[PDB]
């Protein structure tokens, strides 16, 4: 049974603010840092060993991975970063909080975005306060026109994440190398939905907790042999 571990970044400084980050490069909160530290300790107590690590190009994910590698004494592992594991790109909502979003669009429209699988938020325009910050960041310079989002539905996000899963991670798994993925809830959703063959509707009430290791046991066709297990103390897994 192949062992695959997934983890969502610990709590971000904007998670505290209820503020939409998307492709904005928000750092971990101190609490989020401790979440990743404890997840790491859970992985160490269980004696987990990895051979390669995949992550996004966003610091909350990357720092979660670093803290885990520190905890499990495996800082020497290969790490691969890709924009394809990025958070979903929330377009115009980027930088706004719950209240601002509601005030601008109404609770009906927010409800629809919350429930829909294929309806994108409004796009991030050039006069948007974070337009340069995200769209002109040199880390995306090698992205084509079509590849660089102005906004994403979950469907979109999943659609650009899965080719990385298929071409870069699946070959590693079949080669028998134990993979650790540190990413975001919505990019991880693509992976979960593909593994468990979930529905559009089902994958949307799937909420992945921040900073908690998720273990999959896969067979030769990479289908789970059992449901996902959360890792950590009893207090933690209790939630």
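Residue numbers count along the first chain shown, from 1. Under this definition, the rigid core comprises the largest set of C-alpha atoms superposing within 1.5 Å between the forms.
Asks: Fit on the core, then compare CA atoms: does 88 to 96 or 102 to 110 lie farther from this form in 9 other deposited structures of this protein?
Replies: Farther on average in 9 other deposited structures of this protein: 102 to 110.
Asks: C-alpha RMS from this form in 9 other deposited structures of this protein, rigid core superposed: larger for 32 to 40 or 207 to 215?
Replies: Higher average C-alpha offset in 9 other deposited structures of this protein goes to 207 to 215.
Asks: Where do the C-alpha atoms have the higher mean temperature factor in this entry, in 224 to 232 or in 20 to 28?
Replies: The deposited B-factors put 224 to 232 ahead on the C-alpha mean.
Asks: Please work out which of 68 to 76 and 101 to 109 has the higher mean CA B-factor as recorded in the PDB entry.
Replies: Taking the mean B-factor of the alpha carbons in each, 101 to 109 is higher.
Asks: When you compare the CA B-factors of 137, 125, 145, 87 as listed in the entry, which one comes out on top?
Replies: Highest CA B-factor of the listed options: 145.
Asks: Highest recorded C-alpha temperature factor, please, choosing from 93, 151, 159, 119.
Replies: It is 119.
Asks: Going by the recorded CA B-factors, say which third of the chain residue 203 sits in, lowest, middle or highest.
Replies: Within its chain, residue 203 is a highest-third residue by C-alpha B-factor, going by the deposited values.
Asks: Using the temperature factors of the C-alpha atoms in this entry, rank residue 82 within its chain: lowest, middle or highest third.
Replies: As the PDB entry reports it, the C-alpha B-factor of residue 82 lands in the lowest third of its chain.
Asks: So where's residue 61 on the chain's Cα temperature factor ranking, which third?
Replies: Lowest third of the chain for residue 61's C-alpha B-factor.
Asks: Against its chain's modelled residues, does residue 195's Cα B factor rank lowest, middle or highest third?
Replies: It belongs to the highest third of the chain when residues are ordered by C-alpha B-factor.
Asks: Splitting the chain's C-alpha B-factors into thirds, which one does residue 51 fall into?
Replies: Lowest third.
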